[PDB]
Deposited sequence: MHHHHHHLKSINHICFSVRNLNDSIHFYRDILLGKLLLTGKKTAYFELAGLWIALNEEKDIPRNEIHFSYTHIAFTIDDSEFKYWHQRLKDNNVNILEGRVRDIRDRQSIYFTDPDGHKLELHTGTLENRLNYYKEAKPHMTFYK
């Protein structure tokens, strides 16, 4: 009875139209549905749901404790960096950035296996499980 797969991700956003431009044009996702306060995309094979909450305060820090990373090919790194820079995205083997509200996102060019093998060399006092 294991969990089978990731099903979807949902984010609260302040302005649906700004978020549709981000997810669908900048990140090249597919818009599937809208309501007055909702939008669904398919991005990288993943269902993403957006819920508009116009009152999330803009003068406070939110979204600090989660990040979501998507896979790109290594060869596409400069393409994506330039695309995000040319669209004035907030940019902080990985590109770290935020959506228009501040949800933390990452583009990464490696696998979990790559990362484990990297840490076995770089951080050998970690404990690795079979």
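Asker: Can you list the gaps, numbered from 1 on the deposited sequence, where no C-alpha is modelled?
Answerer: Holes in the chain trace, numbered from 1: 1-5, 98-107.
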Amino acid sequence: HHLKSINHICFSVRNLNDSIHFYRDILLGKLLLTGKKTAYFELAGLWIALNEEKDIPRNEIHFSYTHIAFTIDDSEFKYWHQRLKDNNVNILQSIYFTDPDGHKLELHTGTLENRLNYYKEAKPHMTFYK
From here on, numbers count along this sequence of modelled residues.
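Asker: Thinking of the other compared PDB entries, is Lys120 one of those residues unmodelled in at least a third of them?
Answerer: It is, since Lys120 is left out of at least a third of the other entries that model both flanking stretches.
Asker: Taking the other compared PDB entries with both flanking residues modelled, is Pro100 unmodelled in at least a third?
Answerer: Per the records, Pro100 is modelled in all the other entries.
Asker: On average, are the C-alpha B-factors higher in 117-125 or in 102-110?
Answerer: Mean B over CA atoms: larger for 117-125.
Asker: So which stretch wins on mean C-alpha B-factor, 61-69 or 29-37?
Answerer: Going by the record's values, the stretch with the higher mean is 29-37.
Asker: How does the C-alpha B factor of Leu46 compare with the rest of the chain: lowest, middle or highest third?
Answerer: Middle third of the chain for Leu46's C-alpha B-factor.
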